[PDB]
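In what follows, a structure is listed as structure tokens, so that the remarks can point back to it.
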Amino acid sequence: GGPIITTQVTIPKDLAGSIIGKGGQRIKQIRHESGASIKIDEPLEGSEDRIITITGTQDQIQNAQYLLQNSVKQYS
DNA sequence: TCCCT
């Protein structure tokens, strides 16, 4: 397998529905097509940013992070 | 529009 590293990313809340998708079909298919793991801290209030924690091999984080930013493309 | 480990 590949090295196991931890990374954290924050996204503007206005995109939370855009990157997460309804029912999670977006965040879920992403973790299935890439096989990466994703944990999100409880939503932040008083802030317009959510915290996403990624955990998997660099390939999974690499394949996963590219998919996260790509989603931010459609909301715009 | 909303979800996950």
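Going through the structure tokens in order, the chains are called A, B, and so on, while each chain numbers its residues from 1 and the ligands are numbered from 1 in the order shown.
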
Neighbour list for residue 2 (chain B) as an MDAnalysis selection string, cut-off 6 Å, only C-alpha atoms (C1' of nucleotides), skip fewer than 6 positions in-chain: chainID A and resid 17 21:23

Restrict the selected residues to N, CA, C and O atoms and save them as a JSON list (two decimals), in the first residue's frame.
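The resulting result_34.json:
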```
[["chain", "number", "residue", "atom", "x", "y", "z"],
["A", 17, "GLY", "N", -23.30, 22.39, 0.51],
["A", 17, "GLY", "CA", -24.34, 21.60, -0.21],
["A", 17, "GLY", "C", -23.82, 21.26, -1.61],
["A", 17, "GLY", "O", -24.13, 20.23, -2.17],
["A", 21, "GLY", "N", -23.38, 17.53, -1.68],
["A", 21, "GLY", "CA", -24.44, 16.97, -2.56],
["A", 21, "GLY", "C", -25.62, 16.54, -1.72],
["A", 21, "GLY", "O", -25.56, 16.50, -0.51],
["A", 22, "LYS", "N", -26.71, 16.21, -2.36],
["A", 22, "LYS", "CA", -27.90, 15.76, -1.60],
["A", 22, "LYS", "C", -27.72, 14.29, -1.19],
["A", 22, "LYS", "O", -27.22, 13.49, -1.95],
["A", 23, "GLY", "N", -28.15, 13.95, -0.02],
["A", 23, "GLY", "CA", -28.02, 12.53, 0.44],
["A", 23, "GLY", "C", -26.55, 12.13, 0.49],
["A", 23, "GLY", "O", -26.21, 11.03, 0.89]]
```

Please give the complete set of residues from region 16-63 of chain A that DSSP, run on the backbone, assigns to alpha helix (DSSP H), formatted as an MDAnalysis selection string. chainID A and resid 16:20 25:33 58:63

Please provide as a PyMOL selection string all residues within 12 Å of residue 1 (chain B), with the sequence filter that same-chain residues fewer than 2 positions apart are discarded (counting only C-alpha atoms (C1' of nucleotides)). (chain A and resi 14-26+75) or (chain B and resi 3)

Pull N, CA and C atoms (P, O5', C5', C4', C3', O3' and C1' of nucleotides) from the residues just selected and write them as a CSV table (one decimal), in the first residue's frame.
```csv
chain,number,residue,atom,x,y,z
A,14,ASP,N,-21.2,28.1,1.9
A,14,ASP,CA,-22.1,28.2,0.7
A,14,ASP,C,-21.9,27.1,-0.3
A,15,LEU,N,-20.8,26.4,-0.2
A,15,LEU,CA,-20.5,25.3,-1.1
A,15,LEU,C,-20.7,23.9,-0.4
A,16,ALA,N,-20.9,23.9,0.9
A,16,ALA,CA,-21.1,22.6,1.6
A,16,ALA,C,-22.2,21.8,0.9
A,17,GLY,N,-23.3,22.4,0.5
A,17,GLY,CA,-24.3,21.6,-0.2
A,17,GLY,C,-23.8,21.3,-1.6
A,18,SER,N,-23.0,22.1,-2.2
A,18,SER,CA,-22.5,21.9,-3.6
A,18,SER,C,-21.5,20.8,-3.6
A,19,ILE,N,-20.6,20.7,-2.6
A,19,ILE,CA,-19.6,19.6,-2.6
A,19,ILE,C,-20.1,18.4,-1.9
A,20,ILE,N,-20.9,18.5,-0.9
A,20,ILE,CA,-21.5,17.3,-0.2
A,20,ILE,C,-22.5,16.7,-1.1
A,21,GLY,N,-23.4,17.5,-1.7
A,21,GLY,CA,-24.4,17.0,-2.6
A,21,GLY,C,-25.6,16.5,-1.7
A,22,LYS,N,-26.7,16.2,-2.4
A,22,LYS,CA,-27.9,15.8,-1.6
A,22,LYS,C,-27.7,14.3,-1.2
A,23,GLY,N,-28.1,14.0,0.0
A,23,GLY,CA,-28.0,12.5,0.4
A,23,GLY,C,-26.5,12.1,0.5
A,24,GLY,N,-25.7,13.0,0.1
A,24,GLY,CA,-24.2,12.7,0.2
A,24,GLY,C,-23.8,11.9,-1.1
A,25,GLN,N,-24.7,11.8,-2.1
A,25,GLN,CA,-24.3,11.1,-3.3
A,25,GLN,C,-23.0,11.6,-3.9
A,26,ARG,N,-22.7,12.9,-3.5
A,26,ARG,CA,-21.4,13.5,-4.1
A,26,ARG,C,-20.2,13.0,-3.2
A,75,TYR,N,-20.7,25.0,-8.6
A,75,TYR,CA,-21.5,26.0,-7.8
A,75,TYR,C,-21.2,27.4,-8.3
B,3,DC,P,-28.9,14.7,4.9
B,3,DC,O5',-27.3,14.2,4.8
B,3,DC,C5',-26.9,13.4,3.7
B,3,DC,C4',-25.4,13.3,3.6
B,3,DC,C3',-24.8,12.5,4.8
B,3,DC,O3',-24.8,11.1,4.4
B,3,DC,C1',-23.4,14.3,4.2
```

Of the residues A:29, A:69, A:34, A:6, which is the one nearest to residue 53 (chain A), using only C-alpha atoms? A:6

Select, from A:2, A:12, A:51, A:46, the residue with the minimum atom-to-atom distance to residue 4 (chain B), counting only C-alpha atoms (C1' of nucleotides).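 Using only C-alpha atoms (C1' of nucleotides), residue 4 (chain B) sits closest to A:51.
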
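Compared by their closest atoms to chain B, and using only C-alpha atoms (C1' of nucleotides), the residues A:31, A:38, A:10, A:4 rank with A:38 nearest.
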
Could you check which of A:8, A:71, A:65, A:55 is closest to chain B, using only C-alpha atoms (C1' of nucleotides)? A:55

Residues of chain A in strand (DSSP E) according to DSSP, as a PyMOL selection string? chain A and resi 4-12+37-40+49-57

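CA of residue 52 (chain A) is positioned 7.7 Å from CA of residue 11 (chain A).
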
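Counting from CA of residue 54 (chain A), the distance to CA of residue 73 (chain A) is 20.1 Å.
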